[PDB]
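What follows is a short report on a single structure.
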2 protein chains.
Amino acid sequence: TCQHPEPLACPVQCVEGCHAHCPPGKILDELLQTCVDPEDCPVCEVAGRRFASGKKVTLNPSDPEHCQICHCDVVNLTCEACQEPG
Amino acid sequence: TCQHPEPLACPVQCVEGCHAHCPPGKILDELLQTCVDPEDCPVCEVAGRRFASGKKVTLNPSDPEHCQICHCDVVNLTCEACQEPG
């Protein structure tokens, strides 16, 4: 989905219920109930690598000197500065 | 003295007792009972201004951004880094 573009660990094979079926070239987002083209997803790709659609997590806690954080809210190709402990 | 090179607020004009009298060019320090030349005083002058012989006080509490602290133990021309609150 636009919210979960990546595949997830899938404990359940399939499930009942209402399922939005529309032709390809369109990915489902729940807020705008219909399916929509992929580009309309608020998807995030900062410094190249593939990941989720801008999860709200502060990556890289481990190393202070390598504290090179890059959040993404919806679309922004931004990177934030780390506050030094010293 | 080497311990109190600056003049102090002096509630008493003069006092009785034993008083170390020696020729000038020598300042009294109590640990080494005699009077000694001024340079032998563990005197402190960090970044130029005149003050005491390295008092053990953390100057400048007021402004965080101007937290530019400079202690002096006996002789050292040192300045310490302030720990940021953030």
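Search the structure for amide H atoms under 5 Å from the amide H of residue A:28, placed 1.01 Å from N in the peptide plane, and list their residues when 5 or more places away or on another chain.
Amide H to amide H, under 5 Å and 5 or more residues apart or across chains, residue A:28 pairs with A:2, A:36.
Please report the residue of chain B with the smallest beta-carbon distance to the B-to-A rotation axis, and give that distance in Å, no decimals.
Smallest Cβ distance to the axis, with its residue: B:84, 3.
Check the protein assembly as shown for me: any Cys whose beta-carbon has no other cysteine beta-carbon within less than 4.7 Å?
Lone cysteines by the Cβ rule: A:10, A:14, A:18, B:10, B:14, B:18.
Over all Cα pairs of the protein assembly as shown, how is the pair count split among 5 Å bins, expressed in % and running from 0 up to the last occupied bin?
Taking all Cα pairs of the protein assembly as shown, the binned fractions are 1, 6, 9, 10, 9, 7, 6, 6, 5, 4, 5, 4, 5, 5, 4, 4, 3, 3, 2, 1, 1, 0 percent.
Among the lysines, which fall within straight-line cross-link reach of residue A:56, defined as a Cα-Cα distance under 26 Å, with same-chain neighbours fewer than 8 residues apart omitted?
Here the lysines satisfying the reach criterion relative to residue A:56 are A:26.
Looking only at B:68, B:33, B:13, which one moves most when chain B is put into a Gaussian network model with springs between Cα atoms under 10 Å?
Among B:68, B:33, B:13, the largest mean-square fluctuation in the Gaussian network model of chain B belongs to B:13.
In whole Å, what is the distance between the alpha-carbon centres of the stretch A:66-86 and the stretch B:47-69?
35 Å
Pull out the extension gain between residue B:79 and residue B:30, defined as 0.36 nm times the separation in residues minus the alpha carbon to alpha carbon distance; nm, one decimal.
Details: separation 49, 0.36 × 49 = 17.64 nm, distance 2.78 nm.
Taking residue B:79 through residue B:30 to full extension adds about 14.9 nm, to one decimal.
Return the sequence-ordered ³J(HN,Hα) values of the stretch A:65-73 in whole Hz as given by the Karplus equation 6.51 cos²θ - 1.76 cosθ + 1.60 applied to θ = phi - 60°, using x for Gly and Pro.
Once rounded to whole Hz, the list reads 5, 9, 6, 10, 8, 9, 6, 8, 6.
About the Cα centre, and with charges only on the beta carbon of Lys, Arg (+1) and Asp, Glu (-1), how big is the dipole of chain B? Nearest 20 debye, please.
On the way: 5 positive and 13 negative charges, 37 e Å.
Here the size comes out at about 180 debye.
Read the figures in this text as sums done on the coordinates, not as results from a lab. Backbone-built Cβ (ideal geometry, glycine too); neighbour counts: all protein chains shown.
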